[PDB]
Amino acid sequence: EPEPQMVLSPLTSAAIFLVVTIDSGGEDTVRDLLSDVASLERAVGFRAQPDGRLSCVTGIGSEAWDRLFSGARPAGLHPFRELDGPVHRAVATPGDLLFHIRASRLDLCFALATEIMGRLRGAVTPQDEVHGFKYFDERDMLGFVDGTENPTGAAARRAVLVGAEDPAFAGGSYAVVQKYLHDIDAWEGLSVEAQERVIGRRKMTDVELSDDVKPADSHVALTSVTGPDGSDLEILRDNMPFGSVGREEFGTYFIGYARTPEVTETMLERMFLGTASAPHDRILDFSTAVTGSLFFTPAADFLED
Amino acid sequence: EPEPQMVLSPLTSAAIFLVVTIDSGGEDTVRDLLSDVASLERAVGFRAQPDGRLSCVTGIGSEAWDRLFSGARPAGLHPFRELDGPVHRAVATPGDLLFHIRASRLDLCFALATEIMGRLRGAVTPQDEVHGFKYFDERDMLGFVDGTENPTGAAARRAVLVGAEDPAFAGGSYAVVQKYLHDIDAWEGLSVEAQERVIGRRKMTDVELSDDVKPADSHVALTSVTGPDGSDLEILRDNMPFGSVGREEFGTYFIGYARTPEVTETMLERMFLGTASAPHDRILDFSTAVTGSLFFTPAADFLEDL
Amino acid sequence: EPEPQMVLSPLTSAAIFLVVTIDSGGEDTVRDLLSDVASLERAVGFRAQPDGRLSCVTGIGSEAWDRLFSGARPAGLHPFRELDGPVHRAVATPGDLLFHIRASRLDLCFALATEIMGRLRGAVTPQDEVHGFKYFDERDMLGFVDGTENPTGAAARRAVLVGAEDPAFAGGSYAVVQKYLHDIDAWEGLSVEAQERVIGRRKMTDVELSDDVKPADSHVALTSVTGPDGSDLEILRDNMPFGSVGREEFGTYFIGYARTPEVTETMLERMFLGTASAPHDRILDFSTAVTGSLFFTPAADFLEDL
Amino acid sequence: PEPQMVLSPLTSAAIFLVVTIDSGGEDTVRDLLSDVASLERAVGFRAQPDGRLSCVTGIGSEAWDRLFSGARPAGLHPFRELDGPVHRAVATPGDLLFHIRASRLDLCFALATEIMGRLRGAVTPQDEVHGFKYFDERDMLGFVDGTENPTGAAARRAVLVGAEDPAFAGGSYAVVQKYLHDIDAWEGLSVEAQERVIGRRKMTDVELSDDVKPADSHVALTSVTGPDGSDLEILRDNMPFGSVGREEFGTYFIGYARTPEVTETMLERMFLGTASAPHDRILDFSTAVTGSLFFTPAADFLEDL
Amino acid sequence: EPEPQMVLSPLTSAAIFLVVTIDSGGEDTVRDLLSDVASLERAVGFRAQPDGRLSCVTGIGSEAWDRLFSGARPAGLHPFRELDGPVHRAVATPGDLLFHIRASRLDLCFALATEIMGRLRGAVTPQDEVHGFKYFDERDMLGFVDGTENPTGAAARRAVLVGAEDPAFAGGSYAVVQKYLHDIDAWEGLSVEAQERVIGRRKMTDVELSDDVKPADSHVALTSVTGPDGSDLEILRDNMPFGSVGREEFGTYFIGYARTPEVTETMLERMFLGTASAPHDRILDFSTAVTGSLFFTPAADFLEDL
Amino acid sequence: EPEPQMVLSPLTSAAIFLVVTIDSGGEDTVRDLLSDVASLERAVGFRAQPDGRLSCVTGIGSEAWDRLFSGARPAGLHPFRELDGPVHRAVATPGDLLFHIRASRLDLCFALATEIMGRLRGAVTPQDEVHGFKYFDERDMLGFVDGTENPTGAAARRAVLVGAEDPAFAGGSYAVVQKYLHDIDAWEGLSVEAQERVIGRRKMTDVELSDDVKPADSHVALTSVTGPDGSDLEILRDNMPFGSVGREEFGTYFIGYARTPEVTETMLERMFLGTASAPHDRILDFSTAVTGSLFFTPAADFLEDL
Ligand code: HEM
Ligand code: HEM
Ligand code: HEM
Ligand code: HEM
Ligand SMILES: [Mg+2]
Ligand SMILES: [Mg+2]
Ligand SMILES: [O]
Ligand SMILES: [O]
Ligand SMILES: [O]
Ligand SMILES: [O]
């Protein structure tokens, strides 16, 4: 039965992330837009086929769900949980709707964003807008290849899409976003070897460091989680650089999709609160989260009504 | 011959415009950067050949010129002249240095901008930063094809590059920038036929309206100027959309290059002050200028040799 | 179990449509060719992989089916039904075989057509041959984007392929073709807003007109059908422009695939005969059908086993 | 003086349009000629840099005299019919030529539509061919077509009128012939026999060596040296065309040269033969059904009307 | 399914074939590498996505299987069988591990091969290393299109992947490799028509010769085998040219995958030993095999978990 | 101009370098081939236009020049001069003819090489054959971007092509080749920072190290040469990786073109013999030259008229 949104997108080099809150009285305007967003996606993107690769994934937060709909809630939907670690904090910030807009070119992203916000004028308040761009060798702002170990094909379907465990919402997914700002001057004072020790992979060749040399507090060490049976727990990420040279903002916009938020939240706890072997993820010594929100991205059929 | 900077670039779909002023004491840091900016362009761009098409054109304002260099000045170099029209105004805003960075993708522009501003930290103050993107059919924010009548090839070299009239600065050019914000709601209330009358060309097919029907106050009518020579006076433009949907900013970043500022300045007078037959350019009823600066972009050799 | 033909093709920018009748005595030659047409598609196409995207969909008409095969007929196969509306007429023209050839380039289409017709000469008579091309950004000759609301992925498979309702023929599809010629002079005398009222979508941006404003005799209004159960009835279309400038022929070659012809036929009745609120589809005031035929496109394994 | 785009990049699509000028049509035509470059930019600019749309406009001998007064190009005359013992090169009407080329047919067709829209009621179509590149620069006989064309400066020198006719410098002369091929007869030859007709190898496009290339091969007869020992060259941009239902398989020949004498010498050798060769063997499988000669002026000549 | 390795790869235009033997003591080094080969594939390939199309298929020979693993063997796994025909011989040459590395560019192949062999240094001995390149119309060194009749889609999965007949090893496949060197001077002395009679297809157009003219000793005739049920038995091939102009080596590296080696072995017997109708495959009069090995390529899960 | 060979090629991602010696008696065969090498470039290349970008540059050695040609010699032609440094040695190896073949794909290079060697069979002896491939981000085998500071456009024409200083040979160039093998084990034992000190540029970003930190014995410091005039002396390099993973050969094939050999030879003396402040180029601590030859690459017209 259920047609998912375009959560599993091809590689795209541009993105717009748009996070808004729904104002008092705005619920009907929002409901109308949600039922049309797929046809807007086609209107803007069809004529730019096949290279445009335009898609929009729409997500709805826990409090907004209760304002918009009655009846069943997705089983895993709750507000993003703040993490107050000994050193680093993951903040929770307001957000009722997410539009994750991706394409091969920024203009297509912007054209679709314009149409969406045009219909929502007067009903919502912008909280965050980020124009992301991938570097040409899939590198992020820290200079490392970003995306390598994402699951693909059936492994990805199994990791990201709600199934039989919550059958009313099958084909949906849960998205966590965080906007990170980096301290680039501190980062660039590390040697490459030191940087590799923070991430857990070689910088130029993107080969994973072996088990015997990878630090316990490296990013890859802490975000590798096995579940009860010893299989790996996976998420699908599509992190995007963004910034402004004039204001000295250099950032990574983190977005992670998973079939239940528990996987993403466990990775976050390991990063921010630590383990027995690690105080915290070393990447956080160069990266500060300034937003944090959780959304449910329903199956596309759910929005079509 | 001297080597010009990459004023005549291929079509590029992304740009960063950076305008800065030079702080007290900043001149030495700036001069060092100017002499390396071509090698930064190659360092960032060479590994992304041949698709990247990264280039950087560096321009220097009138006041800055005198702080940085002694000796001759380019003949046409002066501060941007405000035009206070009956209805519309072309404002002047501060700017000592211009970096016009272009490529096929934004990331390359950003990488080069990062390196340039890294070398200038503590010597300059940012005045403007715009990340521009072209729409997929060469359209601008108003929905019209933008660039069609630009000169190409030898006609472009002749229109844009200083020559024997100022031989110490041959291979340079003059750049005018203005950031425009549009009233999209007003524009979208016009019919297509009305919009065509404001521009002077057909929207869908980009065919110029004939002389017998194009209004005197259309954009194309007012920006067509013939010189005393009988010849058309031409500039080279590379206008770029930009914006922010959350702030409702929809804009066109205008940049026009010419061998002398007099050509560009004449067009601006016609648009803002009008003619015998036209109050002002109708495009300005949907577009407000919020910056305005003039720069000289020297030949590449001039910068290398510092 | 069954392998369909390439009804669900990627976007392709060239097509040849070939419609022939089977002469008396030609049946054996045709049956031989049918069993080899997949081989020929590989012979011509393989060397241009992966970019060529060459495919041939072969369709058989109602009367030809009875000449070629005995045993079961697909449940929905009949001759195209002529529609005699008060103003506009959908003609039925002869056609026994359809070859719908698509690729990313016309040379591949032509090469495969040449091989097919080479085997069939002496057994068939050509009735229609159209060379189609993609026009800009998926536009048709009326200047509108064409294909936007086609179904994709799973919804496409369900709308187009025969399943358990006719299990001997599962994996087949029904194709309806009509060649349309446009009155471009009349069309271009409309304003863009009036054209948008004929189609039901915005011209430049391809955004559907809202329920508030979309006329009931617009093309989009009349070709939207909900079935008894409230769900939409969808077809898959791959309309191609064609023309000749010196003859003033500007055309749309319509082809629509569906799992039963009744969906397509309902859409046709609405367009030509009208509804309570709409006399006929306004697009027909600028479009004349000069061919009309219906074919069954069997699963690929049906053709291989002859 | 700026030439028209006679020297085009390689393009995979073309439209050739040949028309006659009706009585009274001269003024409409002159107005169009002064706008044709503008139309080329309007249709082509939005598809840059890939589109490579160009239009070369040519004027026949009788038409020149109806449109213009004063001095005429030195070599401009009606195509000369050649009545050989076996094969004939016919002359057919044509006052104006539009040779429209691009990387896609749609651009060609859009420009042709605009041109003919302006000429409606002043001209009568004589010939319209939509050409396509066939595979790896092959023609309808299955041989690579284009290999020995001149390039760069050698091409400029072979095709552009210069100091020998200074009032018309930057112009060129175009000869067109539409050929139909008897493919059934051609395909009855072995590959080795076909190679003997053309003078090059079929699969590899290597020229046959001088000791085995026949005197009546196409390459032998179209190789001409001038009195000073240099090669006389033309620039060709032959295009396949056809209709499978009518069994029409064709080559649209177009040859540009700085004087029609070069092209005409080649044609005489092909149709009328030499001491050692009755005629070009390619003509035993190829019938000319059109023949016209045009002068393609410098671009400034057309702008200034 | 279990997840197979990338046996069914898109068309790729470069390859490296690496065949090694495992030295005494090398077993544990090899086992460690096998369990990381998929992650090396992603490390080298990810940053060149989506155009890179880098994949590595790893296979294990019969004798090596017994050294490396205890427990079940794949049912079809045995050493390549030498064929000593009346005229032509298929030699068997040593090989424990196969790395079949494919991409759209040689450098990706080479980078992955470097990482693999860097981990194996001192545990293995290289027996064969071939750098292959496709000619631009999918042609091989004899000038014929190579790969036309390969199965695709479901037919390919059914032909190449082990299923319920050996359920512990489902998702695996069997690969046979042979390096062939060609006598190009002799081949070029045949007419095209004679060459077509050797292969069984037309050279220029790649159309199969009809049954009435195709010789019984042509390559296509002898490699067509039907199974008990009258269905064709198919393999998947990805033959690659290679060579050295200075040494006058012009070669075809044959690799054929099948769900059981019996299919491939039948074809080889027909080619080298002949049949009642055919002395041997005429292609062997212009081609000499200088290597021959058989490998099992396990499902990707099998490699991960050990 | 006279017409030069394609010394200034676009970026190409494949190359074959072929060096041969002329056997005695072979001179007539070679002169015949030289006069046809341009037509063979077109025969192989034209059908792959415009993407193939196949070119062949043909170079002749000092001693071969004397055997092949009647009259005057290019002024700078002599045998490669061996350099016997205190630690490292640049060897001179035999080479009469160089074919420097480049394209976007290796098959086109191989096809042209095959045709050339076909005509030379029996008259020449191969000395070296290298199949080169570029890494995906213009990197060399040491992991550094390679080519960044090459001259471009007019500056390239002036650095590379013989002009009025030797007017009978205007439009020619001089090529130096050296095949280098690297000690990758040693190199990979250095930290990135230490590697950056050997080369003189940053590894990841390719930014040149600043003057106050760049070592005197870095590659970039030693290969930067100013002439008498204050101006920089430039060469045009097209270095290609090559190798074989089984034999542990990881190589850079150096080729440098210049309008006089003096530029290239100065750079070589600085690398191998050192300066006041540098013993030798640190890159040579990880790179061994195993060939070395010098050739004159005539204008295209010179070769055509033989
Ligand atoms: C306000 C934002 C601006 C927009 C959106 C805009 C847009 C356009 C458009 C759509 C065209 C027609 C197609 C073309 O040839 O590019 C055009 C032409 C032109 N514009 Fe603008 N323009 C702007 C500002 C300016 C300014 C400030 C100047 C001069 C100072 C200028 C000078 C020209 C010129 C010279 C032409 C070509 C006229 C000719 O046809 O010969 N534009 N512009
Ligand atoms: C009948 C249709 C024609 C066909 C199919 C055709 C085809 C070919 C082919 C395959 C070649 C060899 C490859 C190449 O260099 O382009 C060639 C060469 C040539 N053709 Fe034609 N051709 C035709 C008519 C003509 C005509 C009418 C002329 C001259 C009036 C002509 C002049 C040439 C010239 C000059 C060459 C190059 C000869 C050289 O190597 O120097 N062709 N043609
Ligand atoms: C010198 C080695 C070889 C060359 C150059 C070669 C070349 C070709 C060519 C040109 C074709 C026809 C087009 C196609 O369908 O790919 C073909 C088909 C085929 N080859 Fe080979 N081949 C070689 C060795 C082998 C070997 C050793 C086998 C089997 C063990 C084999 C099995 C096949 C099969 C199964 C076909 C398809 C037959 C069909 O039409 O059903 N090939 N080969
Ligand atoms: C092992 C052999 C070689 C390797 C791996 C190598 C590598 C490099 C690298 C990585 C660069 C910096 C990037 C660039 O501008 O291209 C470079 C620059 C350069 N190399 Fe080499 N190179 C080699 C041999 C040579 C030789 C033998 C010469 C001269 C005869 C040479 C001359 C140069 C020059 C002139 C530059 C540019 C310096 C400048 O003006 O910045 N190289 N080389
Ligand atoms: Mg016939
Ligand atoms: Mg024998
Ligand atoms: O991540
Ligand atoms: O503009
Ligand atoms: O030709
Ligand atoms: O094969």
# chains A, B, ... in the order shown; residues from 1 in each chain; ligands from 1
call {"tool": "residues_near_ligand", "arguments": {"ligand": "ligand 3", "cutoff": "8 Å", "atoms": "only C-alpha atoms and all ligand atoms", "output": "MDAnalysis selection string"}}
result
chainID E and resid 139:142 144:150 176 178 180:182 199:201 206 208 219:225 232 234:237 239 251:256 264:268 271 283:284 286:289
call {"tool": "interface_residues", "arguments": {"of": "chain C", "to": "chain D", "cutoff": "9 Å", "atoms": "only C-alpha atoms", "output": "CSV table (one decimal) with N, CA and C atoms, in the first residue's frame"}}
result
chain,number,residue,atom,x,y,z
C,18,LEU,N,5.0,4.6,-35.5
C,18,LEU,CA,4.7,3.9,-36.7
C,18,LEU,C,3.5,3.1,-36.6
C,48,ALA,N,24.7,1.5,-27.7
C,48,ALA,CA,24.6,2.9,-27.3
C,48,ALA,C,24.3,3.0,-25.8
C,105,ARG,N,17.9,9.9,-28.5
C,105,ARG,CA,18.3,10.5,-29.8
C,105,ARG,C,17.5,9.8,-30.9
C,106,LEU,N,17.2,10.6,-31.9
C,106,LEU,CA,16.4,10.2,-33.0
C,106,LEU,C,17.1,9.1,-33.9
C,107,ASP,N,18.4,9.1,-34.0
C,107,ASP,CA,19.1,8.2,-34.9
C,107,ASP,C,18.8,6.7,-34.4
C,108,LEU,N,18.7,6.5,-33.1
C,108,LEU,CA,18.5,5.2,-32.6
C,108,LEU,C,17.1,4.7,-32.9
C,110,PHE,N,15.3,5.8,-35.5
C,110,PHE,CA,15.3,5.6,-36.9
C,110,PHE,C,15.9,4.3,-37.3
C,111,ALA,N,17.0,3.9,-36.7
C,111,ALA,CA,17.7,2.7,-37.0
C,111,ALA,C,16.8,1.5,-36.7
C,113,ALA,N,13.5,1.5,-36.5
C,113,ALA,CA,12.4,1.5,-37.4
C,113,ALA,C,12.8,0.9,-38.7
C,114,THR,N,13.9,1.2,-39.2
C,114,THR,CA,14.4,0.8,-40.4
C,114,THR,C,14.6,-0.7,-40.4
C,117,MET,N,10.9,-2.3,-40.4
C,117,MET,CA,10.2,-2.1,-41.6
C,117,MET,C,10.9,-2.9,-42.8
C,118,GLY,N,12.2,-3.1,-42.7
C,118,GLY,CA,12.9,-3.9,-43.5
C,118,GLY,C,12.4,-5.4,-43.5
C,125,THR,N,1.4,-2.1,-44.9
C,125,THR,CA,1.3,-0.8,-45.5
C,125,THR,C,1.3,0.3,-44.5
C,126,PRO,N,2.3,1.2,-44.6
C,126,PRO,CA,2.4,2.3,-43.5
C,126,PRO,C,1.1,3.1,-43.6
C,127,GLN,N,0.5,3.5,-42.5
C,127,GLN,CA,-0.6,4.4,-42.4
C,127,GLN,C,-0.2,5.7,-41.8
C,128,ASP,N,0.7,5.7,-40.8
C,128,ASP,CA,1.2,7.0,-40.2
C,128,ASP,C,2.6,6.8,-39.7
C,129,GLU,N,3.4,7.8,-39.8
C,129,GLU,CA,4.8,7.9,-39.4
C,129,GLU,C,5.0,9.3,-38.8
C,131,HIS,N,7.8,11.6,-36.5
C,131,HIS,CA,9.0,11.8,-35.8
C,131,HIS,C,8.8,12.9,-34.7
C,133,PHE,N,9.8,15.2,-31.1
C,133,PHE,CA,10.9,15.7,-30.4
C,133,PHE,C,10.4,16.5,-29.2
C,134,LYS,N,11.1,16.4,-28.1
C,134,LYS,CA,10.9,17.2,-26.9
C,134,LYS,C,11.3,18.7,-27.2
C,135,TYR,N,10.4,19.6,-26.7
C,135,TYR,CA,10.4,21.0,-27.0
C,135,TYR,C,10.7,21.8,-25.7
C,136,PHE,N,11.9,22.1,-25.5
C,136,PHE,CA,12.3,23.0,-24.4
C,136,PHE,C,12.2,22.1,-23.1
C,243,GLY,N,6.2,18.5,-36.2
C,243,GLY,CA,5.6,19.4,-37.1
C,243,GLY,C,6.5,19.6,-38.3
C,244,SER,N,6.0,20.5,-39.2
C,244,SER,CA,6.7,21.0,-40.4
C,244,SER,C,6.5,22.5,-40.6
C,245,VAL,N,7.5,23.3,-40.7
C,245,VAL,CA,7.3,24.7,-40.6
C,245,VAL,C,6.7,25.2,-41.9
C,246,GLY,N,7.2,24.7,-43.0
C,246,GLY,CA,6.7,25.1,-44.3
C,246,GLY,C,5.3,24.7,-44.6
C,247,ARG,N,4.8,23.5,-44.1
C,247,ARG,CA,3.4,23.2,-44.3
C,247,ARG,C,2.5,23.8,-43.2
C,248,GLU,N,3.0,24.6,-42.3
C,248,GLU,CA,2.3,25.0,-41.1
C,248,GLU,C,1.6,23.9,-40.3
call {"tool": "closest_residue", "arguments": {"among": "C:154, C:177, C:233, C:300", "to": "chain A", "atoms": "only C-alpha atoms"}}
result
C:154
call {"tool": "atom_distance", "arguments": {"atom1": "atom CA of residue 204 of chain C", "atom2": "atom CA of residue 187 of chain C"}}
result
16.0 Å
call {"tool": "residues_around", "arguments": {"residues": "residue 26 of chain B", "least_positions_apart": "3", "cutoff": "9 Å", "atoms": "only C-alpha atoms", "output": "count of residues only"}}
result
9
call {"tool": "residues_near_ligand", "arguments": {"ligand": "ligand 6", "cutoff": "10 Å", "atoms": "only C-alpha atoms and all ligand atoms", "output": "number ranges by chain"}}
result
E: 87-88, 279-280, 282, 284-285
call {"tool": "residues_near_ligand", "arguments": {"ligand": "ligand 7", "cutoff": "7 Å", "atoms": "only C-alpha atoms and all ligand atoms", "output": "PyMOL selection string"}}
result
chain A and resi 146-147+237+239+254
call {"tool": "atom_distance", "arguments": {"atom1": "atom CA of residue 61 of chain F", "atom2": "atom CA of residue 295 of chain F"}}
result
4.5 Å
call {"tool": "closest_residue", "arguments": {"among": "A:52, A:274, A:228, A:143", "to": "chain F", "atoms": "only C-alpha atoms"}}
result
A:143
call {"tool": "residues_near_ligand", "arguments": {"ligand": "ligand 5", "cutoff": "10 Å", "atoms": "only C-alpha atoms and all ligand atoms", "output": "list in words"}}
result
residues 181, 182, 183, 184, 185, 186, 246, 247, 248 and 249 of chain D
call {"tool": "write_last_selection", "arguments": {"atoms": "N, CA and C atoms", "output": "CSV table (one decimal), in the first residue's frame"}}
result
chain,number,residue,atom,x,y,z
D,181,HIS,N,19.3,7.8,-51.6
D,181,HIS,CA,20.2,6.7,-51.8
D,181,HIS,C,19.3,5.5,-52.1
D,182,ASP,N,19.8,4.6,-53.0
D,182,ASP,CA,19.2,3.3,-53.2
D,182,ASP,C,19.9,2.3,-52.3
D,183,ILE,N,19.3,2.2,-51.1
D,183,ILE,CA,19.9,1.4,-50.0
D,183,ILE,C,19.9,-0.1,-50.4
D,184,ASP,N,18.9,-0.6,-51.0
D,184,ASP,CA,18.9,-2.0,-51.4
D,184,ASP,C,20.1,-2.3,-52.3
D,185,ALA,N,20.4,-1.5,-53.3
D,185,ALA,CA,21.5,-1.8,-54.1
D,185,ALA,C,22.8,-1.7,-53.3
D,186,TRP,N,23.0,-0.7,-52.5
D,186,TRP,CA,24.2,-0.5,-51.7
D,186,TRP,C,24.5,-1.6,-50.8
D,246,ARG,N,8.2,5.6,-46.4
D,246,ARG,CA,8.3,5.8,-47.8
D,246,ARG,C,9.6,5.3,-48.4
D,247,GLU,N,10.4,4.6,-47.5
D,247,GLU,CA,11.7,4.0,-48.0
D,247,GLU,C,12.6,5.1,-48.5
D,248,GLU,N,12.6,6.3,-47.9
D,248,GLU,CA,13.5,7.4,-48.3
D,248,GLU,C,14.6,7.5,-47.3
D,249,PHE,N,15.8,7.3,-47.8
D,249,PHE,CA,17.0,7.4,-47.0
D,249,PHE,C,17.9,8.4,-47.8
call {"tool": "residues_around", "arguments": {"residues": "residue 74 of chain C", "least_positions_apart": "2", "cutoff": "12 Å", "atoms": "only C-alpha atoms", "output": "number ranges by chain"}}
result
C: 60-62, 65-66, 69-72, 76-78, 162-163, 165-174, 259-261, 295-299
call {"tool": "select_by_dssp", "arguments": {"residues": "segment 38-261 of chain D", "states": "alpha helix (DSSP H)", "output": "ChimeraX atom specification"}}
result
/D:38-44,61-67,105-119,152-159,183-186,191-198,218-221,260-261
call {"tool": "atom_distance", "arguments": {"atom1": "atom CA of residue 21 of chain C", "atom2": "atom CA of residue 130 of chain C"}}
result
15.7 Å
call {"tool": "interface_residues", "arguments": {"of": "chain C", "to": "chain B", "cutoff": "8 Å", "atoms": "only C-alpha atoms", "output": "list in words"}}
result
residues 191, 192, 193 and 204 of chain C
call {"tool": "interface_residues", "arguments": {"of": "chain A", "to": "chain B", "cutoff": "9 Å", "atoms": "only C-alpha atoms", "output": "ChimeraX atom specification"}}
result
/A:13-14,18,48,105-108,110-111,113-114,117-118,125-129,133-136,241,243-248
